[PDB]
Amino acid sequence: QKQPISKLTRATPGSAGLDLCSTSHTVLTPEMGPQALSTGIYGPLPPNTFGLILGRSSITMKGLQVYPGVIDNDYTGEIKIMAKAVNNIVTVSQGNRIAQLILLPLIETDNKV
Amino acid sequence: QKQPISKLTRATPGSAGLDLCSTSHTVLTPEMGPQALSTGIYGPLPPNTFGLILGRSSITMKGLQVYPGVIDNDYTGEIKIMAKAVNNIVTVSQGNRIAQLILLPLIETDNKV
Amino acid sequence: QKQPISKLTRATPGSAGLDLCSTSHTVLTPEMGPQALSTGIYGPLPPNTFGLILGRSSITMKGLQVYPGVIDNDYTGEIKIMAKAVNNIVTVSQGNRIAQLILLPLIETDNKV
Ligand SMILES: O=c1ccn([C@H]2C[C@H](O)[C@@H](COP(=O)(O)NP(=O)(O)OP(=O)(O)O)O2)c(=O)[nH]1
Ligand SMILES: O=c1ccn([C@H]2C[C@H](O)[C@@H](COP(=O)(O)NP(=O)(O)OP(=O)(O)O)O2)c(=O)[nH]1
Ligand SMILES: O=c1ccn([C@H]2C[C@H](O)[C@@H](COP(=O)(O)NP(=O)(O)OP(=O)(O)O)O2)c(=O)[nH]1
Ligand SMILES: [Mg+2]
Ligand SMILES: [Mg+2]
Ligand SMILES: [Mg+2]
């Protein structure tokens, strides 16, 4: 079954991000370029917020780049992590925390849709 | 003529980002490194906000990395997209939506200027 | 001695970011992959805020990629800049402004810790 964002956990009370884990074992090589890693977690977001997926610094330092991703407030699909091995072969084990979801205020503007 | 940020459009009502298109046809190769793509859109931003330029996930997944860029509230120059082809040759057609502008609250602090 | 975030400066009144400088001379090559650059600046952040470390566009355009980093509200360690030379050899002189700290509201949620 789909899991909502309310199922995510914070590492600590003062952690800005909600941790995102891949649900698959994935191996990445630099030549593969960007890959979208499955999380089994689904939008949408709390009212008046949007999300940003960012890397965890310990993962970034281990050579896996998470490309910052914008999660729209009303996206109801699966939140995937866009990732690339920078220089070396990187192996993601199932359940490893690979990224984090940050929630931010969605500012209203009069821009046309 | 310069176009202001109010001319940008959202893909959907609940889209966090305002789409940014290049005004030129540009081809990018990995060896070129970061390139600043013209948009013909100009700051400044709404009061008490700043901007962040981020990639669109469909573009990121096609091998074009947009480096997150900070747009200062009172910048009045042209908003450019900083982009790099990750692994392969990437071709941007004129008018293609390459990035998105997210607006965020500008927090005041007492840090010196 | 440790320096707090209140010691950072803005380039201009309307600058979104607080500039971060490396305290060391560092040379980076693409094959080195991500490196954590010392700043001598320490958390924590103002109440109800978290931080984001982002690149300065002039530095990004010179071939040094700063990986976006999340600074937790209650982190009390040293803020380091995660950086990689994209394509060429990059040299950071001591005191050069390499990145910027953006402060953002920390939204409360009921996610478990
Ligand atoms: O660019 C950065 C990013 C993070 N940091 C520090 C501050 C942040 O609060 C701390 C933890 O960052 P992340 O949560 O992104 N890293 P990770 O998930 O790997 O560690 P933790 O589980 O402790 O949160 O690392 C930096 O100094 N520079
Ligand atoms: O890292 C990400 C980024 C986006 N997404 C999903 C959520 C987001 O709302 C949706 C659309 O993202 P973008 O707007 O960044 N992509 P794009 O502009 O390519 O598609 P769209 O036109 O639908 O907005 O893709 C992820 O799952 N992971
Ligand atoms: O992706 C971007 C990032 C920045 N910019 C413009 C807007 C921003 O206000 C201006 C300055 O950006 P940064 O502060 O990130 N660059 P830098 O520190 O190199 O210049 P400055 O000292 O003037 O702030 O560059 C873009 O057009 N696209
Ligand atoms: Mg963390
Ligand atoms: Mg979009
Ligand atoms: Mg600056």
# chains A, B, ... in the order shown; residues from 1 in each chain; ligands from 1
>>> residues_near_ligand(ligand="ligand 5", cutoff="12 Å", atoms="only C-alpha atoms and all ligand atoms", output="PDB file with N, CA, C and O atoms, in the first residue's frame")
ATOM      1  N   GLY A  69      14.968  18.230  -5.290  1.00  0.00           N
ATOM      2  CA  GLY A  69      13.734  18.079  -6.054  1.00  0.00           C
ATOM      3  C   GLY A  69      12.575  18.793  -5.393  1.00  0.00           C
ATOM      4  O   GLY A  69      12.461  18.785  -4.182  1.00  0.00           O
ATOM      5  N   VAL A  70      11.703  19.387  -6.200  1.00  0.00           N
ATOM      6  CA  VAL A  70      10.569  20.160  -5.668  1.00  0.00           C
ATOM      7  C   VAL A  70       9.358  19.238  -5.624  1.00  0.00           C
ATOM      8  O   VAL A  70       9.013  18.644  -6.634  1.00  0.00           O
ATOM      9  N   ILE A  71       8.695  19.155  -4.470  1.00  0.00           N
ATOM     10  CA  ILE A  71       7.465  18.389  -4.395  1.00  0.00           C
ATOM     11  C   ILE A  71       6.275  19.354  -4.310  1.00  0.00           C
ATOM     12  O   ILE A  71       6.155  20.130  -3.363  1.00  0.00           O
ATOM     13  N   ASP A  72       5.431  19.346  -5.328  1.00  0.00           N
ATOM     14  CA  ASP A  72       4.294  20.235  -5.355  1.00  0.00           C
ATOM     15  C   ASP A  72       3.280  19.916  -4.296  1.00  0.00           C
ATOM     16  O   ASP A  72       3.149  18.767  -3.845  1.00  0.00           O
ATOM     17  N   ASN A  73       2.558  20.930  -3.858  1.00  0.00           N
ATOM     18  CA  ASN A  73       1.645  20.689  -2.728  1.00  0.00           C
ATOM     19  C   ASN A  73       0.627  19.587  -3.013  1.00  0.00           C
ATOM     20  O   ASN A  73       0.231  18.785  -2.126  1.00  0.00           O
ATOM     21  N   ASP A  74       0.156  19.556  -4.244  1.00  0.00           N
ATOM     22  CA  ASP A  74      -0.950  18.652  -4.546  1.00  0.00           C
ATOM     23  C   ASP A  74      -0.498  17.443  -5.359  1.00  0.00           C
ATOM     24  O   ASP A  74      -1.323  16.769  -6.028  1.00  0.00           O
ATOM     25  N   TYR A  75       0.793  17.138  -5.308  1.00  0.00           N
ATOM     26  CA  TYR A  75       1.260  15.941  -5.992  1.00  0.00           C
ATOM     27  C   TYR A  75       0.776  14.750  -5.177  1.00  0.00           C
ATOM     28  O   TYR A  75       0.970  14.758  -3.967  1.00  0.00           O
ATOM     29  N   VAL A 113      -1.842  30.615 -14.210  1.00  0.00           N
ATOM     30  CA  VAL A 113      -1.721  29.167 -14.347  1.00  0.00           C
ATOM     31  C   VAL A 113      -2.007  28.697 -15.771  1.00  0.00           C
ATOM     32  O   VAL A 113      -1.265  27.867 -16.318  1.00  0.00           O
TER      33      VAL A 113
ATOM     34  N   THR B   9       4.598  31.734 -15.442  1.00  0.00           N
ATOM     35  CA  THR B   9       3.392  30.971 -15.167  1.00  0.00           C
ATOM     36  C   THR B   9       3.679  29.710 -14.335  1.00  0.00           C
ATOM     37  O   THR B   9       4.785  29.196 -14.320  1.00  0.00           O
ATOM     38  N   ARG B  10       2.671  29.258 -13.601  1.00  0.00           N
ATOM     39  CA  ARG B  10       2.689  27.987 -12.871  1.00  0.00           C
ATOM     40  C   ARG B  10       2.096  26.957 -13.765  1.00  0.00           C
ATOM     41  O   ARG B  10       1.156  27.270 -14.492  1.00  0.00           O
ATOM     42  N   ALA B  11       2.606  25.732 -13.707  1.00  0.00           N
ATOM     43  CA  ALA B  11       2.038  24.645 -14.513  1.00  0.00           C
ATOM     44  C   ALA B  11       0.608  24.292 -14.042  1.00  0.00           C
ATOM     45  O   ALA B  11      -0.271  23.986 -14.860  1.00  0.00           O
ATOM     46  N   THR B  12       0.377  24.367 -12.737  1.00  0.00           N
ATOM     47  CA  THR B  12      -0.897  24.011 -12.133  1.00  0.00           C
ATOM     48  C   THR B  12      -1.076  24.890 -10.928  1.00  0.00           C
ATOM     49  O   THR B  12      -0.085  25.400 -10.385  1.00  0.00           O
ATOM     50  N   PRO B  13      -2.326  25.039 -10.446  1.00  0.00           N
ATOM     51  CA  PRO B  13      -2.541  25.856  -9.228  1.00  0.00           C
ATOM     52  C   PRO B  13      -1.645  25.456  -8.056  1.00  0.00           C
ATOM     53  O   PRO B  13      -1.280  26.295  -7.254  1.00  0.00           O
ATOM     54  N   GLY B  14      -1.310  24.185  -7.937  1.00  0.00           N
ATOM     55  CA  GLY B  14      -0.638  23.747  -6.711  1.00  0.00           C
ATOM     56  C   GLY B  14       0.878  23.564  -6.927  1.00  0.00           C
ATOM     57  O   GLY B  14       1.579  23.077  -6.014  1.00  0.00           O
ATOM     58  N   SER B  15       1.360  23.957  -8.108  1.00  0.00           N
ATOM     59  CA  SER B  15       2.801  23.916  -8.449  1.00  0.00           C
ATOM     60  C   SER B  15       3.549  24.874  -7.541  1.00  0.00           C
ATOM     61  O   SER B  15       3.152  26.011  -7.416  1.00  0.00           O
ATOM     62  N   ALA B  16       4.636  24.424  -6.897  1.00  0.00           N
ATOM     63  CA  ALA B  16       5.431  25.300  -6.048  1.00  0.00           C
ATOM     64  C   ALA B  16       6.209  26.320  -6.913  1.00  0.00           C
ATOM     65  O   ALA B  16       6.445  27.439  -6.486  1.00  0.00           O
ATOM     66  N   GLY B  17       6.584  25.922  -8.125  1.00  0.00           N
ATOM     67  CA  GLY B  17       7.542  26.690  -8.894  1.00  0.00           C
ATOM     68  C   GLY B  17       6.920  27.415 -10.043  1.00  0.00           C
ATOM     69  O   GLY B  17       5.893  26.979 -10.591  1.00  0.00           O
ATOM     70  N   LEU B  18       7.552  28.532 -10.396  1.00  0.00           N
ATOM     71  CA  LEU B  18       7.214  29.274 -11.623  1.00  0.00           C
ATOM     72  C   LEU B  18       8.170  28.828 -12.731  1.00  0.00           C
ATOM     73  O   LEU B  18       9.388  28.855 -12.548  1.00  0.00           O
ATOM     74  N   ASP B  19       7.637  28.433 -13.878  1.00  0.00           N
ATOM     75  CA  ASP B  19       8.523  27.819 -14.862  1.00  0.00           C
ATOM     76  C   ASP B  19       9.420  28.892 -15.510  1.00  0.00           C
ATOM     77  O   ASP B  19       8.964  29.987 -15.774  1.00  0.00           O
ATOM     78  N   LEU B  20      10.695  28.526 -15.739  1.00  0.00           N
ATOM     79  CA  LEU B  20      11.685  29.338 -16.447  1.00  0.00           C
ATOM     80  C   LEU B  20      12.088  28.634 -17.732  1.00  0.00           C
ATOM     81  O   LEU B  20      12.489  27.467 -17.686  1.00  0.00           O
ATOM     82  N   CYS B  21      11.993  29.335 -18.859  1.00  0.00           N
ATOM     83  CA  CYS B  21      12.373  28.788 -20.171  1.00  0.00           C
ATOM     84  C   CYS B  21      13.638  29.499 -20.701  1.00  0.00           C
ATOM     85  O   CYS B  21      13.802  30.701 -20.441  1.00  0.00           O
ATOM     86  N   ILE B  53      16.224  29.095  -7.751  1.00  0.00           N
ATOM     87  CA  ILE B  53      16.091  28.417  -9.031  1.00  0.00           C
ATOM     88  C   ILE B  53      16.458  26.955  -8.798  1.00  0.00           C
ATOM     89  O   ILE B  53      17.522  26.664  -8.265  1.00  0.00           O
ATOM     90  N   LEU B  54      15.560  26.057  -9.189  1.00  0.00           N
ATOM     91  CA  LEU B  54      15.803  24.624  -9.078  1.00  0.00           C
ATOM     92  C   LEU B  54      15.470  23.962 -10.381  1.00  0.00           C
ATOM     93  O   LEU B  54      14.768  24.544 -11.205  1.00  0.00           O
ATOM     94  N   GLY B  55      15.947  22.741 -10.562  1.00  0.00           N
ATOM     95  CA  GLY B  55      15.624  21.982 -11.783  1.00  0.00           C
ATOM     96  C   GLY B  55      14.194  21.516 -11.783  1.00  0.00           C
ATOM     97  O   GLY B  55      13.557  21.421 -10.731  1.00  0.00           O
ATOM     98  N   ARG B  56      13.698  21.205 -12.984  1.00  0.00           N
ATOM     99  CA  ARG B  56      12.466  20.455 -13.105  1.00  0.00           C
ATOM    100  C   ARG B  56      12.856  19.010 -13.117  1.00  0.00           C
ATOM    101  O   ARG B  56      13.850  18.657 -13.744  1.00  0.00           O
ATOM    102  N   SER B  57      12.138  18.150 -12.402  1.00  0.00           N
ATOM    103  CA  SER B  57      12.567  16.762 -12.330  1.00  0.00           C
ATOM    104  C   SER B  57      12.621  16.076 -13.668  1.00  0.00           C
ATOM    105  O   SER B  57      13.516  15.244 -13.896  1.00  0.00           O
ATOM    106  N   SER B  58      11.703  16.408 -14.594  1.00  0.00           N
ATOM    107  CA  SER B  58      11.772  15.719 -15.885  1.00  0.00           C
ATOM    108  C   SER B  58      13.031  16.089 -16.651  1.00  0.00           C
ATOM    109  O   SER B  58      13.503  15.273 -17.459  1.00  0.00           O
ATOM    110  N   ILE B  59      13.592  17.261 -16.378  1.00  0.00           N
ATOM    111  CA  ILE B  59      14.768  17.772 -17.092  1.00  0.00           C
ATOM    112  C   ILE B  59      16.003  17.173 -16.445  1.00  0.00           C
ATOM    113  O   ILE B  59      16.906  16.685 -17.111  1.00  0.00           O
ATOM    114  N   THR B  60      16.022  17.220 -15.118  1.00  0.00           N
ATOM    115  CA  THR B  60      17.076  16.521 -14.353  1.00  0.00           C
ATOM    116  C   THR B  60      17.212  15.041 -14.807  1.00  0.00           C
ATOM    117  O   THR B  60      18.329  14.523 -15.014  1.00  0.00           O
ATOM    118  N   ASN B  96      11.768  25.856 -24.274  1.00  0.00           N
ATOM    119  CA  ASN B  96      11.602  24.663 -23.432  1.00  0.00           C
ATOM    120  C   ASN B  96      11.698  25.113 -21.968  1.00  0.00           C
ATOM    121  O   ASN B  96      12.524  25.966 -21.653  1.00  0.00           O
ATOM    122  N   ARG B  97      10.889  24.534 -21.091  1.00  0.00           N
ATOM    123  CA  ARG B  97      10.961  24.850 -19.672  1.00  0.00           C
ATOM    124  C   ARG B  97      12.111  24.057 -19.045  1.00  0.00           C
ATOM    125  O   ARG B  97      12.082  22.843 -18.996  1.00  0.00           O
ATOM    126  N   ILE B  98      13.108  24.772 -18.571  1.00  0.00           N
ATOM    127  CA  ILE B  98      14.359  24.156 -18.143  1.00  0.00           C
ATOM    128  C   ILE B  98      14.466  24.164 -16.604  1.00  0.00           C
ATOM    129  O   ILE B  98      15.107  23.306 -16.002  1.00  0.00           O
ATOM    130  N   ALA B  99      13.828  25.118 -15.960  1.00  0.00           N
ATOM    131  CA  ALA B  99      14.006  25.236 -14.511  1.00  0.00           C
ATOM    132  C   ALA B  99      12.744  25.817 -13.893  1.00  0.00           C
ATOM    133  O   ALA B  99      11.765  26.085 -14.597  1.00  0.00           O
ATOM    134  N   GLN B 100      12.785  26.065 -12.587  1.00  0.00           N
ATOM    135  CA  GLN B 100      11.641  26.680 -11.942  1.00  0.00           C
ATOM    136  C   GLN B 100      12.098  27.608 -10.849  1.00  0.00           C
ATOM    137  O   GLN B 100      13.101  27.358 -10.226  1.00  0.00           O
ATOM    138  N   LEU B 101      11.362  28.695 -10.661  1.00  0.00           N
ATOM    139  CA  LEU B 101      11.652  29.642  -9.613  1.00  0.00           C
ATOM    140  C   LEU B 101      10.729  29.394  -8.425  1.00  0.00           C
ATOM    141  O   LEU B 101       9.502  29.403  -8.582  1.00  0.00           O
ATOM    142  N   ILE B 102      11.317  29.141  -7.249  1.00  0.00           N
ATOM    143  CA  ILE B 102      10.546  28.998  -6.033  1.00  0.00           C
ATOM    144  C   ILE B 102      10.714  30.250  -5.215  1.00  0.00           C
ATOM    145  O   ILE B 102      11.831  30.794  -5.104  1.00  0.00           O
TER     146      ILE B 102
END
>>> residues_around(residues="residue A:31", least_positions_apart="5", cutoff="10 Å", atoms="only C-alpha atoms", output="list in words")
residues 84, 85, 86, 87, 88 and 89 of chain A; 86, 87 and 88 of chain B
>>> closest_atom_pairs(of="chain A", to="chain B", cutoff="12 Å", atoms="only C-alpha atoms", output="tab-separated table")
residue	atom	partner	partner_atom	distance
A:29	CA	B:87	CA	11.4
A:30	CA	B:87	CA	8.3
A:31	CA	B:87	CA	6.7
A:32	CA	B:87	CA	8.1
A:33	CA	B:87	CA	6.2
A:34	CA	B:61	CA	5.6
A:35	CA	B:61	CA	6.9
A:36	CA	B:61	CA	7.7
A:37	CA	B:61	CA	11.4
A:44	CA	B:14	CA	10.3
A:45	CA	B:14	CA	10.4
A:46	CA	B:14	CA	11.7
A:47	CA	B:14	CA	10.0
A:48	CA	B:14	CA	9.2
A:49	CA	B:16	CA	8.5
A:50	CA	B:16	CA	6.2
A:51	CA	B:16	CA	8.4
A:52	CA	B:16	CA	9.9
A:53	CA	B:57	CA	11.1
A:54	CA	B:68	CA	11.2
A:65	CA	B:65	CA	11.3
A:66	CA	B:60	CA	10.9
A:67	CA	B:60	CA	7.8
A:68	CA	B:54	CA	7.2
A:69	CA	B:57	CA	6.5
A:70	CA	B:16	CA	7.3
A:71	CA	B:16	CA	7.4
A:72	CA	B:15	CA	5.0
A:73	CA	B:14	CA	5.5
A:74	CA	B:14	CA	5.5
A:75	CA	B:14	CA	8.1
A:76	CA	B:14	CA	11.3
A:79	CA	B:57	CA	11.2
A:80	CA	B:57	CA	9.9
A:81	CA	B:57	CA	9.9
A:82	CA	B:61	CA	7.5
A:83	CA	B:61	CA	9.3
A:84	CA	B:86	CA	9.5
A:85	CA	B:86	CA	11.1
A:86	CA	B:86	CA	9.9
A:87	CA	B:87	CA	11.9
A:103	CA	B:16	CA	11.5
A:104	CA	B:104	CA	8.0
A:105	CA	B:104	CA	7.3
A:106	CA	B:16	CA	6.4
A:107	CA	B:103	CA	6.5
A:108	CA	B:103	CA	9.0
A:109	CA	B:6	CA	8.4
A:110	CA	B:6	CA	7.4
A:111	CA	B:9	CA	5.5
A:112	CA	B:9	CA	5.1
A:113	CA	B:10	CA	4.8
>>> select_by_dssp(residues="stretch 14-99 of chain A", states="strand (DSSP E or B)", output="NGL selection string")
:A and (18-21 or 26-28 or 35-37 or 41-42 or 49-55 or 64-66 or 69-71 or 78 or 81-85 or 90-92 or 97-99)
>>> write_last_selection(atoms="C-alpha atoms", output="JSON list (two decimals), in the first residue's frame")
[["chain", "number", "residue", "atom", "x", "y", "z"],
["A", 18, "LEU", "CA", 12.03, 13.97, 7.29],
["A", 19, "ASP", "CA", 14.16, 10.98, 6.33],
["A", 20, "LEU", "CA", 13.46, 9.19, 3.00],
["A", 21, "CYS", "CA", 14.67, 5.59, 2.51],
["A", 26, "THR", "CA", 20.13, -0.18, -5.92],
["A", 27, "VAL", "CA", 23.71, -0.01, -7.29],
["A", 28, "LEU", "CA", 24.65, 3.22, -9.09],
["A", 35, "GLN", "CA", 18.25, 7.61, -11.41],
["A", 36, "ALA", "CA", 14.88, 7.92, -9.67],
["A", 37, "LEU", "CA", 14.88, 5.85, -6.49],
["A", 41, "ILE", "CA", 5.93, 7.37, 0.13],
["A", 42, "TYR", "CA", 3.30, 9.51, -1.58],
["A", 49, "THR", "CA", 3.35, 23.83, 2.06],
["A", 50, "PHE", "CA", 5.53, 22.38, -0.62],
["A", 51, "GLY", "CA", 8.48, 20.03, -0.22],
["A", 52, "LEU", "CA", 12.11, 19.92, -1.12],
["A", 53, "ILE", "CA", 14.04, 16.66, -1.37],
["A", 54, "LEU", "CA", 17.69, 17.18, -0.43],
["A", 55, "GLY", "CA", 20.63, 14.90, 0.27],
["A", 64, "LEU", "CA", 25.91, 9.87, -3.81],
["A", 65, "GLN", "CA", 24.47, 13.14, -5.07],
["A", 66, "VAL", "CA", 20.75, 13.72, -4.53],
["A", 69, "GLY", "CA", 13.73, 18.08, -6.05],
["A", 70, "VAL", "CA", 10.57, 20.16, -5.67],
["A", 71, "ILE", "CA", 7.46, 18.39, -4.40],
["A", 78, "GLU", "CA", 5.21, 8.58, -5.33],
["A", 81, "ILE", "CA", 14.69, 10.48, -4.99],
["A", 82, "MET", "CA", 16.76, 11.65, -7.95],
["A", 83, "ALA", "CA", 20.27, 10.41, -7.35],
["A", 84, "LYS", "CA", 23.61, 9.97, -9.13],
["A", 85, "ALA", "CA", 26.89, 8.32, -8.18],
["A", 90, "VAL", "CA", 27.67, 3.45, -4.87],
["A", 91, "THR", "CA", 25.47, 0.74, -3.36],
["A", 92, "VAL", "CA", 22.12, 1.62, -1.66],
["A", 97, "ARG", "CA", 18.18, 6.67, 4.57],
["A", 98, "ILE", "CA", 19.23, 8.29, 1.31],
["A", 99, "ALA", "CA", 17.58, 11.72, 1.37]]
>>> closest_residue(among="C:93, C:77, C:24, C:40", to="residue C:1", atoms="only C-alpha atoms")
C:40
>>> atom_distance(atom1="atom 20 (O, counted along the ligand's line) of ligand 2", atom2="atom CA of residue B:23")
19.4 Å
>>> select_by_dssp(residues="chain A", states="alpha helix (DSSP H)", output="tab-separated table (two decimals) with N, CA, C and O atoms, in the first residue's frame")
chain	number	residue	atom	x	y	z
A	57	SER	N	23.84	14.86	4.39
A	57	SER	CA	25.26	15.14	4.20
A	57	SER	C	26.13	13.92	4.30
A	57	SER	O	27.13	13.82	3.57
A	58	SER	N	25.78	12.96	5.17
A	58	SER	CA	26.65	11.78	5.26
A	58	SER	C	26.63	10.97	3.97
A	58	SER	O	27.62	10.29	3.67
A	59	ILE	N	25.55	11.07	3.21
A	59	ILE	CA	25.36	10.28	1.98
A	59	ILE	C	26.06	11.01	0.85
A	59	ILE	O	26.79	10.43	0.07
A	60	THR	N	25.83	12.32	0.79
A	60	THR	CA	26.58	13.18	-0.14
A	60	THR	C	28.11	12.95	-0.01
A	60	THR	O	28.84	12.83	-1.01
A	61	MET	N	28.61	12.90	1.23
A	61	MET	CA	30.03	12.77	1.41
A	61	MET	C	30.51	11.39	0.99
A	61	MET	O	31.70	11.22	0.74
>>> decode(residues="stretch 21-35 of chain A", atoms="N, CA, C and O atoms", output="mmCIF file, in the first residue's frame")
data_model
loop_
_atom_site.group_PDB
_atom_site.id
_atom_site.type_symbol
_atom_site.label_atom_id
_atom_site.label_comp_id
_atom_site.auth_asym_id
_atom_site.auth_seq_id
_atom_site.Cartn_x
_atom_site.Cartn_y
_atom_site.Cartn_z
ATOM 1 N N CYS A 21 13.876 6.807 2.757
ATOM 2 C CA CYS A 21 14.669 5.592 2.512
ATOM 3 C C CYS A 21 14.276 4.962 1.157
ATOM 4 O O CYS A 21 13.096 5.040 0.781
ATOM 5 N N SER A 22 15.220 4.327 0.439
ATOM 6 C CA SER A 22 14.803 3.573 -0.768
ATOM 7 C C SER A 22 14.248 2.243 -0.354
ATOM 8 O O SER A 22 14.662 1.595 0.636
ATOM 9 N N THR A 23 13.262 1.836 -1.120
ATOM 10 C CA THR A 23 12.642 0.581 -0.813
ATOM 11 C C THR A 23 13.306 -0.530 -1.585
ATOM 12 O O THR A 23 12.932 -1.698 -1.442
ATOM 13 N N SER A 24 14.261 -0.182 -2.435
ATOM 14 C CA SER A 24 15.010 -1.190 -3.180
ATOM 15 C C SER A 24 16.500 -1.141 -2.938
ATOM 16 O O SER A 24 17.032 -0.117 -2.551
ATOM 17 N N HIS A 25 17.159 -2.266 -3.162
ATOM 18 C CA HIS A 25 18.570 -2.286 -3.212
ATOM 19 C C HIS A 25 18.899 -1.767 -4.588
ATOM 20 O O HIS A 25 18.469 -2.384 -5.600
ATOM 21 N N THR A 26 19.667 -0.690 -4.631
ATOM 22 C CA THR A 26 20.134 -0.176 -5.921
ATOM 23 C C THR A 26 21.673 0.091 -5.966
ATOM 24 O O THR A 26 22.286 0.607 -5.009
ATOM 25 N N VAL A 27 22.293 -0.340 -7.058
ATOM 26 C CA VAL A 27 23.706 -0.009 -7.292
ATOM 27 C C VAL A 27 23.731 1.074 -8.354
ATOM 28 O O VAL A 27 23.043 0.951 -9.370
ATOM 29 N N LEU A 28 24.538 2.108 -8.139
ATOM 30 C CA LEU A 28 24.654 3.225 -9.090
ATOM 31 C C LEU A 28 26.100 3.431 -9.500
ATOM 32 O O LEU A 28 27.033 3.372 -8.670
ATOM 33 N N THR A 29 26.290 3.720 -10.777
ATOM 34 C CA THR A 29 27.631 4.022 -11.289
ATOM 35 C C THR A 29 27.551 5.398 -11.923
ATOM 36 O O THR A 29 26.472 5.824 -12.271
ATOM 37 N N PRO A 30 28.689 6.105 -12.013
ATOM 38 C CA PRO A 30 28.653 7.473 -12.602
ATOM 39 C C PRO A 30 28.070 7.492 -14.016
ATOM 40 O O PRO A 30 27.234 8.353 -14.343
ATOM 41 N N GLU A 31 28.422 6.499 -14.830
ATOM 42 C CA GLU A 31 27.926 6.510 -16.222
ATOM 43 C C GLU A 31 26.438 6.311 -16.333
ATOM 44 O O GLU A 31 25.870 6.576 -17.391
ATOM 45 N N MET A 32 25.789 5.850 -15.283
ATOM 46 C CA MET A 32 24.339 5.683 -15.334
ATOM 47 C C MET A 32 23.598 6.996 -15.341
ATOM 48 O O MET A 32 22.431 7.046 -15.737
ATOM 49 N N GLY A 33 24.246 8.048 -14.871
ATOM 50 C CA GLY A 33 23.507 9.328 -14.739
ATOM 51 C C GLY A 33 22.316 9.285 -13.760
ATOM 52 O O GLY A 33 22.163 8.336 -12.973
ATOM 53 N N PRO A 34 21.457 10.319 -13.805
ATOM 54 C CA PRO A 34 20.391 10.391 -12.790
ATOM 55 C C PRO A 34 19.455 9.197 -12.762
ATOM 56 O O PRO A 34 18.996 8.725 -13.808
ATOM 57 N N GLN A 35 19.195 8.687 -11.572
ATOM 58 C CA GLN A 35 18.253 7.611 -11.413
ATOM 59 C C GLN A 35 17.202 7.993 -10.407
ATOM 60 O O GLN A 35 17.515 8.633 -9.417
#
